[PDB]
Structures are given as structure tokens and as C-alpha cells.
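Before any comments, here is the structure.
Numbering (PDB author numbering), first residue to last: 1 to 130.
See the structure below:
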């Protein structure tokens, strides 16, 4: 599923993402935008280390979810990576919450640092009524 901007904003807010571990809703929107373009079925294989990023938050199979083919991987979210490819983003959000419970927080995603950190991210939630 490819979410519309404001449709996703309201959905994330209902799932308790606004201010989660000090992270504002607009930061989560900026993240989803540059990670997969609001597309839940996006996957990206990293030929360099044999892992794959899955879904709307492009979560990595090496630490967070299990796909059975990534070497020495762990499954901290206790999920099959398949769960992060559904149209319903509930599990992906539950897993994203887990990722930021680690010290790095939102910085765990490099794209956030490149395209969201220290930027005016207000534009991601403007007019959505959240």
C-alpha cells in the first residue's frame, strides 16, 4: 500500500507515535518519506552484507526481524520480516518503537540524519489536522 501523506500522519498519531521516546510525529513522517516513499511493500537488498530492509520504515533483517537467510541475524522485534510488508502498519510501528528504545534512538536510520536532522520538518504534517 502507498499511503497518502495526511492519511499516514493521522494513522501514526493513532498508533501512539507522536512524541514516542521524545520523537515528534513530523520526524517519523520525514523518515517514512525518505525510507520508502510511504510504500509498505518496499524492500531493499544490501548485497554488501546480505541483509534486506523491509517495509515503510525499511527495517533491517540483521537485528530486528527474521527472514531466515541473513547471516548471524537476531530478531529483536520477535517477528517474521513478512509482517513488515502488510498494508496494516501496526506491527511495523511496534517494531519501529523497539528500534528507538536503543541508545541511538531515531539516529539508527542514516537517511534520517541526511534528510531530516536539523531541518524544517513541519512541511510533512501541515494541513493534516494532527
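Note that CB positions come from ideal geometry on N, CA and C, so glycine has one too.
Apart from the 5 residues on each side of it in sequence, residue 86 has no Cβ closer than 6 Å to any other Cβ in its chain. Three or more Cβ pairs drawn from the segment 10-24 and the segment 79-93 lie within less than 8 Å of each other, which places the two stretches in contact. Look at residue 53 here: in three-state DSSP terms it is strand. In the three-state DSSP reduction, residue 93 falls in the helix class (H, G or I).
Look at residue 121 here: in three-state DSSP terms it is coil, with no helix or strand label. Per DSSP, reduced to three states, the secondary structure at residue 82 is helical.
The beta carbon of residue 11 is closer than 8 Å to those of 3 and 89 in its chain, skipping five residues each way along the sequence.
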